[PDB]
Amino acid sequence: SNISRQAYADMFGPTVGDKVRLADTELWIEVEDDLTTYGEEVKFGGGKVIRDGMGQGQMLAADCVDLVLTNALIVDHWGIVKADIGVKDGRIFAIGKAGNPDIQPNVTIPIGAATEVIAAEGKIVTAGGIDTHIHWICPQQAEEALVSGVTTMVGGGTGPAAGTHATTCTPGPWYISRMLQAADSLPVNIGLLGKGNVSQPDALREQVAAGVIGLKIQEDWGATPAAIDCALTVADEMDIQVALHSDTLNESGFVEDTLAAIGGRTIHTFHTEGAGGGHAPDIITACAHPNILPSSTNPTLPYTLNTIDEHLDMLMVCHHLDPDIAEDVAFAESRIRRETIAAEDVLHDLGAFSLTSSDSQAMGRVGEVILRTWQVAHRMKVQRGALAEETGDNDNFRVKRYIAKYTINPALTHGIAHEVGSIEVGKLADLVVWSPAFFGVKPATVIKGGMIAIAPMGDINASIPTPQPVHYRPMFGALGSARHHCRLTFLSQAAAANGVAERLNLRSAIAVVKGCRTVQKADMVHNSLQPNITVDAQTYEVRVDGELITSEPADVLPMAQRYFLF
Amino acid sequence: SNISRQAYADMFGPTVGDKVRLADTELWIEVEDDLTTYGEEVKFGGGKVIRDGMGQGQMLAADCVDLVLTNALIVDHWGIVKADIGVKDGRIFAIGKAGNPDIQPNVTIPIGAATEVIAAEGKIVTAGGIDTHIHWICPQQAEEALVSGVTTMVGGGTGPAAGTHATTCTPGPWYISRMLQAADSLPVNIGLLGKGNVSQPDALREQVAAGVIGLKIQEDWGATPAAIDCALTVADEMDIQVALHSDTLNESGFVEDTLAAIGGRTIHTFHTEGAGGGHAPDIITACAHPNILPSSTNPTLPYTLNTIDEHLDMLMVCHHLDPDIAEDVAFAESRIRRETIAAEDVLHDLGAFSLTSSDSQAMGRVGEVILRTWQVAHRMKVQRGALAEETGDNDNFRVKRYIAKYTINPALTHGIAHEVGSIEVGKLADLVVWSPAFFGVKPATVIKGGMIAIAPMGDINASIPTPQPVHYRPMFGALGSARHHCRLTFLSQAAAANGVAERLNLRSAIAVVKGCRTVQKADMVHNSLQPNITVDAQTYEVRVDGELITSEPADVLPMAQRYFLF
Amino acid sequence: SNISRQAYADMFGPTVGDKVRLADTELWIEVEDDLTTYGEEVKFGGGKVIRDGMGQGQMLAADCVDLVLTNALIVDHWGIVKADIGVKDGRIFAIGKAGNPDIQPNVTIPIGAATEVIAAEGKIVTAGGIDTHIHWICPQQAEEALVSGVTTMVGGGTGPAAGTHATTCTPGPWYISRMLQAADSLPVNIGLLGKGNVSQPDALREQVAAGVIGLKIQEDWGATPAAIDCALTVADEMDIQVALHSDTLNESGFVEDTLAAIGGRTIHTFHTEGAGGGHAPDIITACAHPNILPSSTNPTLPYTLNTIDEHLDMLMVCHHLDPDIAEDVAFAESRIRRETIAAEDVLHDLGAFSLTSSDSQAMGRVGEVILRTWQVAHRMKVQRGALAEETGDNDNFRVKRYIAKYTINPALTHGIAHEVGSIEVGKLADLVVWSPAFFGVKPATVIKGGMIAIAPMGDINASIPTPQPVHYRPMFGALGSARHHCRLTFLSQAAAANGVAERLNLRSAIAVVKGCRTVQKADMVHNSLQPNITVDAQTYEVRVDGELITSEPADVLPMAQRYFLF
Amino acid sequence: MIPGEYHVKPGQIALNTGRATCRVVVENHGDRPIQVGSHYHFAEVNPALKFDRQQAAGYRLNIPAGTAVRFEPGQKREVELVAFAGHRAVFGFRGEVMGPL
Amino acid sequence: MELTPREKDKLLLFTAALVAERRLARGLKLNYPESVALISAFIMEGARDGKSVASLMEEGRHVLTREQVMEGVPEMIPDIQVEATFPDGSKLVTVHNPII
Amino acid sequence: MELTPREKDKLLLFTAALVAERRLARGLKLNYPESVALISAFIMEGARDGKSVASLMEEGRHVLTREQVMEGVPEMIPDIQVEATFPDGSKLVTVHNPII
Ligand code: NI
Ligand code: NI
Ligand code: NI
Ligand code: NI
Ligand code: NI
Ligand code: NI
């Protein structure tokens with residue numbers, strides 16, 4: 001029997017050689033491989049394949065998966081392939097060919113009576129995003145992030161308090177404990193950061209032993225060499241990560257002094273470009289070092305016409321600065337530079353910047369991490385063409401380079417890659433299903449630990465789930481005990497050992513961080529470039545090997561006005 | 001002392017002989033009995049009867065009820081009577097005369113300091129509805145159903161997944177466990193159905209032992225004779241119910257073959273008319289058998305002008321059919337027949353069809369089970385006049401016949417009638433209070449296990465609860481631990497024995513199903529007719545004893561545009 | 001170094017001698033004291049004081065506070081002072097000078113790595129309000145009250161039932177238990193009242209032993225001398241409070257008879273003016289007695305043009321009265337008197353009335369207790385000028401007199417002042433932060449037990465928390481386990497001893513009431529006046545020492561149309 | 001057609017049939033109004049109401065349940081009472097009985 | 001704006017009234033919820049204008065007539081109640097038999 | 001009004017449509033959500049007017065043309081579905097390829 005490729009594509013989604021446009025951008029992906037056996041694809045519905053004795057077997061629950069995503073087009077750092085995805089016990093069981101071994105060939109993902117089906121034909125499936133720069137200003141951020149496709153949120157805060165407005169810090173044992181307990185109510189995996197600004201190591205050890213998986217150094221609390229050294233020493237001891245927002249004022253020293261204080265120890269630099277904070281005007285030079293894991297916050301991504309204009313007042317409100325105090329405004333202005341903002345985009349395209357994050361409600365937009373990452377990719381293809389690593393007539397490599405920025409790289413940086421970060425066997429089943437037309441903008445389904453946690457839902461009283469109004473509503477994976485079973489609360493090895501979970505009576509699944517001190521720039525997937533970068537002290541021009549690094553501001557962007565009501 | 005009957009009616013509600021119109025329909029009910037002693041009625045308010053030493057006694061909590069519904073007009077399968085209702089320990093204590101035995105005669109329901117009062121004078125009180133065809137596509141359905149007056153929901157699903165979109169199945173132990181845990185968060189009694197489509201009995205026993213109270217056979221998973229037999233065998237073993245959606249395609253055989261496979265064993269046939277699924281075009285002939293408990297889903301109730309037109313696309317979306325595939329559209333069309341749709345209404349009026357259900361968001365409207373049942377009753381009275389069993393100039397019997405369809409009959413069919421289904425002593429206090437003008441459309445109060453769970457509520461900041469805007473809002477009976485104490489999670493005898501509740505740490509009250517295999521058509525209250533019914537293979541005409549069974553489509557219906565904003 | 005007082009005020013808020021207008025009223029407060037050391041004030045932000053080694057020290061968590069409110073202008077019954085507030089372990093640690101003792105002088109509130117910061121410069125901080133006349137008609141009332149600045153709610157009810165619509169009673173052990181369990185879900189401290197109307201003491205002891213912290217006597221349940229005596233006897237035994245709504249009908253006797261039945265025992269009279277219920281037309285004379293703690297419900301506060309007009313129908317709906325029954329309307333009219341309504345305002349100004357409350361959705365507005373209290377103060381200053389106790393050119397004393405009405409006095413009256421009621425060391429950290437322009441109308445932050453529970457929040461996806469739309473949204477202090485740790489459920493000494501908390505498995509912090517029988521009028525802060533008051537039986541004129549007490553109705557009021565959208 | 005309308009059959013209802021009744025003249029000697037409910041033990045009403053208390057022992061107003069009779073200051077009127085039933089045990093009110101009778 | 005729950009709740013009433021307003025404009029006979037919403041919104045605006053409670057209790061009975069609503073609707077609405085912020089604070093307006 | 005969740009949900013759709021209506025009035029080419037909201041609201045009002053499901057399935061395809069919406073929008077909306085209370089109860093209206 002034969003079938004045309006177009007009819008086939010309409011029925012089971014695209015196959016090897018077919019290309020798909022990502023949303024309304026100029027980025028095209030090409031199916032690299034298809035793990036199916038033509039003619040044996042599994043499809044669900046009336047009179048379809050997945051039925052008793054046919055595509056569904058007689059195996060007991062232990063011998064089959066709980067959930068199968070049929071005919072999915074996977075986009076991950078390791079490849080863009082067509083395959084079925086099997087989920088068992090809330091984790092990724094396998095990526096291959098689903099069906100019934102009794103009558104079908106090459107079945108690697110067995111479907112039985114205990115198997116639920118999610119039809120992914122014509123859909124793109126990716127891993128849940130990981131935002132590592134969250135300011136816990138309000139609990140509503142969790143739902144906003146989940147809807148965008150982010151399933152893991154790492155950050156700090158206690159609510160809408162001055163300290164949290166400006167920093168990602170959950171200060172001390174009491175607040176850390178309260179926030180860990182509150183985390184059980186949120187539908188996303190959570191890890192907390194404590195206040196790392198102190199020169200007494202014991203004050204830090206207490207926080208780590210209390211539950212935080214990292215320490216935040218912020219200039220608002222004093223990003224001095226002494227504080228930085230103290231935090232890094234404790235980090236090396238307890239296997240936790242350090243996030244840095246350096247001394248913009250150059251008060252205690254210049255960028256080189258801070259780099260000296262770090263002394264080659266592993267550290268994650270937040271908003272490395274500078275606008276969000278950091279040694280003016282050369283904090284961006286940090287991406288040249290092997291021990292630095294550099295990330296960008298999203299307001300500067302990508303460089304557009306209105307970027308500069310909106311920054312001044314945003315800066316002031318966030319850091320509690322007074323526009324009437326000359327020194328306060330001067331220091332705000334020293335952080336906003338067209339030169340570094342333009343260069344940042346190119347550095348991401350080259351893989352010098354390895355992560356993207358939000359900086360939620362503190363000079364960052366919580367629901368726009370994924371969206372903005374793809375806009376940068378689009379603008380870079382438009383301006384720079386194909387990457388040197390690109391093969392074939394597609395943007396497969398660029399796509400892999402950019403998706404790694406908000407998935408696997410953030411996971412590696414914070415020591416949670418053993419649990420999440422990618423679609424790999426054994427990892428928690430945090431998956432996002434997208435319709436090609438809405439890729440990176442509005443997902444069709446968001447799965448947390450094997451259960452759908454949120455998805456667009458139409459009229460509740462309708463005869464079908466599709467009638468208007470269709471808007472995002474929480475599903476069973478976000479309800480009470482089901483939620484606790486489908487989410488993870490990350491703890492430090494010390495906290496886990498001290499029995500913090502039992503003491504606070506945390507009800508969600510617990511996971512421990514590890515490998516935070518051993519990760520380096522070379523480990524960042526598709527983003528390990530260490531450029532010979534310099535910044536002109538007077539002009540602020542960024543140069544790599546003497547070449548000027550710059551770009552043009554966008555007047556219009558994809559994934560914008562065609563999708564949003566406001 | 002004397003008082004006019006009109007003044008009396010205005011004060012304490014109608015009494016023996018008085019008639020009341022149900023909403024804006026042509027159905028009239030007549031008070032058959034009044035259990036009060038004229039002059040001794042209890043009324044609450046300033047300077048009223050229920051006061052210390054007067055209508056309220058000196059008894060301790062153990063000797064009085066927790067809640068009393070004063071002067072209620074009860075409409076149940078056993079009668080339409082005027083009486084006080086007493087609730088104690090979350091259950092129906094008695095139906096009779098409330099007050100203080102110290103100074104009042106014939107008091108059967110003692111009122112004391114520990115008694116709360118709900119004024120039901122001028123109101124109609126019914127048992128909470130029971131919907132047995134729920135697709136757990138989204139958790140929001142629970143609130144929609146509760147608002148309509150449905151307090152028990154039986155069905156299956158895992159969320160907005162392909163399998164659940166089309167079937168009422170919670171596949172396997174993992175999903176069953178997750179959904180049982182999630183159930184604790186919903187304000188309605190819940191019972192789950194597993195996937196019954198498999199030819200290996202052990203695969204079914206696992207699901208039952210996991211917690212499901214029934215097994216769903218659906219054609220989308222393969223409704224073959226082998227699967228049907230396997231499920232019924234396990235059902236007979238574990239005392240659980242089987243719900244059937246037969247082979248529409250006639251792929252494995254015709255209706256007679258399916259009936260042969262069932263072999264006289266008890267089974268609940270979903271949407272027996274056919275549109276929702278089943279052997280084309282004669283699945284409706286199933287209602288002639290003694291072992292079949294037939295129900296209808298609501299889109300076809302009642303037959304109206306727009307009924308046919310809306311069905312094709314509804315069908316396609318639900319079952320994941322492709323309108324471009326000729327065989328997919330042909331099979332959709334074979335399910336929609338004006339002939340069977342028209343006959344279904346009459347069969348309900350005759351008592352050949354015993355239950356009504358929704359088929360929530362899968363060719364059914366979750367908030368319209370009660371509403372549509374009464375519209376059918378109205379249309380049938382309009383077209384057929386009084387029933388043969390009707391006595392007096394009222395529609396009392398027809399009302400009893402129809403209310404049984406969504407209350408006691410669904411309870412009997414699924415083995416939960418020992419807990420819910422009617423206003424009888426010992427049963428859980430799931431009651432719905434209605435204003436005659438809004439009967440079956442918008443309830444005044446919804447009580448779950450003795451506590452008000454939801455009700456219309458006005459301005460929260462107002463001086464009284466009546467100012468606008470008045471809309472349904474959750475009450476204390478739907479809050480955290482109170483909810484857990486007022487709702488029931490139904491388990492199979494096996495699951496209950498295996499300690500599933502303790503293992504999953506379910507917090508709600510647990511109830512076990514029993515008597516699923518022994519129930520038959522003769523047990524359906526006021527709906528036990530087994531007609532000699534036939535369907536013409538070419539014309540699709542339905543005939544009972546050779547007489548053509550048909551009806552006319554309604555152009556306008558009551559309980560519609562006069563009550564809804566949209 | 002020197003700085004102008006205006007520049008100083010703009011930077012750190014006002015200091016000694018500066019005056020501030022409360023919202024848009026004519027009330028002005030003057031800073032009486034400032035506990036800072038000029039030049040050493042702590043401020044948070046980029047390049048500010050609170051940084052490592054500077055305003056932040058090296059102490060371990062145990063040696064520093066969890067939260068500090070910097071440069072707050074405190075308004076409490078004991079004073080109006082400028083100071084820093086320290087919070088530790090969810091309680092008020094100290095009021096003084098915050099900072100680092102290593103380099104700063106006079107530090108009484110140590111700031112360390114474990115300290116979170118809330119900037120209160122330019123803000124007014126008060127204790128959370130306490131409403132003691134709550135009808136639990138719906139759970140939504142809790143959020144409405146919290147938003148207004150009320151953190152403790154005492155009352156009774158079971159939901160929208162007839163009994164609760166009219167009375168603040170949670171009838172019997174079953175309902176009491178259910179409501180205690182439901183309380184864990186609400187973000188406010190809660191204490192319940194049982195039905196005190198019975199002449200059998202054991203029926204009352206059961207309720208107290210079940211968990212109620214007080215008993216409500218209401219006329220709708222029979223406010224007879226026998227019932228009143230019975231309740232007071234049990235109250236004296238179990239150390240709980242009695243709230244009274246007397247016999248308006250004068251059925252069992254006149255006001256003097258009720259006063260005789262009370263026999264000098266401590267009792268809290270609800271809506272002492274009369275409109276909300278009580279001996280017509282002289283229940284107001286109760287404020288002359290030493291054992292009476294008199295309060296007012298809010299619809300009559302203050303006397304305005306539309307006050308009388310809105311009362312009749314409000315009265316009828318609340319108490320289930322029939323407008324067609326002459327005696328029902330006559331008794332409603334006897335409760336509404338311009339004479340007593342006008343006098344009530346003046347009596348509050350004189351300190352004869354000690355508390356203000358709502359009477360939520362039962363002739364009272366739950367979100368308007370604080371708001372209306374300040375409107376009365378404004379209207380009284382406008383009509384009567386400065387109080388005799390007033391010193392200086394400010395309204396400091398009047399402010400102290402009025403704030404005590406909804407904070408410390410309600411706490412003293414119900415035996416919970418050891419936990420809440422004022423900003424004093426050792427008390428639970430229930431604090432409300434206000435911007436002077438919105439004082440008493442819309443708070444900037446509401447803190448429950450050390451955590452922000454609710455606050456105005458802008459666009460969740462915005463780059464900062466300030467962009468529109470800005471509306472009140474629940475924060476972390478109102479989420480699951482965090483909430484349980486930050487709220488209190490008050491129990492009677494008996495219930496606490498019987499292990500009610502463990503039995504019902506209440507998850508929130510538990511507090512016990514005590515000192516309910518020993519409190520008297522002389523103990524009411526700034527409101528201990530016992531006037532020689534009389535009421536003319538025919539004209540209803542109120543006179544104190546023969547002088548006519550009256551006031552003029554307001555045509556326009558502050559804290560009204562300038563702040564609300566509707 | 002009126003949604004949920006009643007069709008009350010014409011006639012009257014006889015209240016408290018077969019119970020002993022008695023009429024008494026009552027006069028409000030107080031300066032404030034007094035209203036009495038249908039089930040209040042009449043013998044224990046506000047002392048300001050002057051009447052034969054002895055005759056009213058174990059009686060209540062023979063009026064529709066939930067209604068009341070109002071007495072303005074100085075008002076004199078004849079009322080009909082009906083005897084209590086059940087155990088005929090009076091508890092509460094002004095605490096004058098607190099037992100059977 | 002710092003909108004409290006009650007203000008947001010009133011926005012729901014306002015919107016419901018817009019729906020009714022446009023349907024009345026089309027010449028349709030209003031149903032139960034539409035009628036209640038329309039009259040209620042009218043009163044709220046009256047309060048914003050500064051009208052007295054007494055004035056509105058009367059004016060509210062002249063917003064819709066029996067001929068502008070479906071049969072049975074007038075009888076389904078024995079009265080309408082709504083609160084709003086008058087110049088002198090929140091007050092309750094009760095309109096008896098609003099549709100005649 | 002006693003508004004049920006579904007009625008309140010529909011109010012959201014109505015409001016979204018008001019936004020689109022005003023932008024179309026300005027002469028802007030509508031985007032994805034605006035187009036869906038506008039056409040959906042049109043159908044709901046049609047149901048209120050008493051039009052049949054069959055009539056609306058056709059009329060709904062003439063609310064917006066390809067020239068009144070942004071590029072790609074027509075292809076993003078293969079169909080629109082919405083339910084409303086017709087004189088004969090709730091019915092589903094499916095409009096295929098509404099924008100041509
Ligand atoms: Ni930063
Ligand atoms: Ni940040
Ligand atoms: Ni079906
Ligand atoms: Ni179904
Ligand atoms: Ni009262
Ligand atoms: Ni009250």
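These values consider heavy atoms only, across backbone and side chains, with no hydrogens, waters or symmetry-generated copies. Read the numbers this way: they start at 1 and go in the same order the structure lists the ligands and their atoms. Letters A, B, ... are given to chains in the order of the sequence lines, protein chains preceding strands, and every chain is numbered from 1.
- Considering just the N/O/S atoms of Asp359(C), the one nearest the Ni ion (ligand 6) carries the name OD1.
- Inclusion of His133(C) in the first shell of the Ni ion (ligand 5) is not supported: no N, O or S atom falls under 2.8 Å.
- When only modelled atom types and interatomic distance are considered, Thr248(C) and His279(C) share no side-chain donor-acceptor pair under 3.5 Å.
- Considering just the N/O/S atoms of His271(A), the one nearest the Ni ion (ligand 1) carries the name NE2.
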**Request:** Apply ring-ring contact (aromatic ring centres under 6.0 Å, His included) to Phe270(C) and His245(C), showing your working.
**Result:** CA-CA 6 Å; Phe270(C) 275 170; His245(C) 171 142; 8.6 Å; no
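- A side-chain N or O of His319(A) and one of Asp220(A) form a donor-acceptor pair less than 3.5 Å apart.
- Aromatic ring centres of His165(A) and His135(A) lie farther apart than the 6.0 Å criterion allows.
- With respect to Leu192(A), the side chain to side chain contact (heavy atoms under 4.5 Å, CB included) criterion is satisfied by exactly one of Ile213(A), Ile134(A), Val212(A), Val154(A): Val212(A).
- Nearest N, O or S atom of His135(C) to the Ni ion (ligand 6): atom NE2.
- The Ni ion (ligand 6) does not have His245(C) among its coordinating residues (no N/O/S atom, backbone or side chain, under 2.8 Å).
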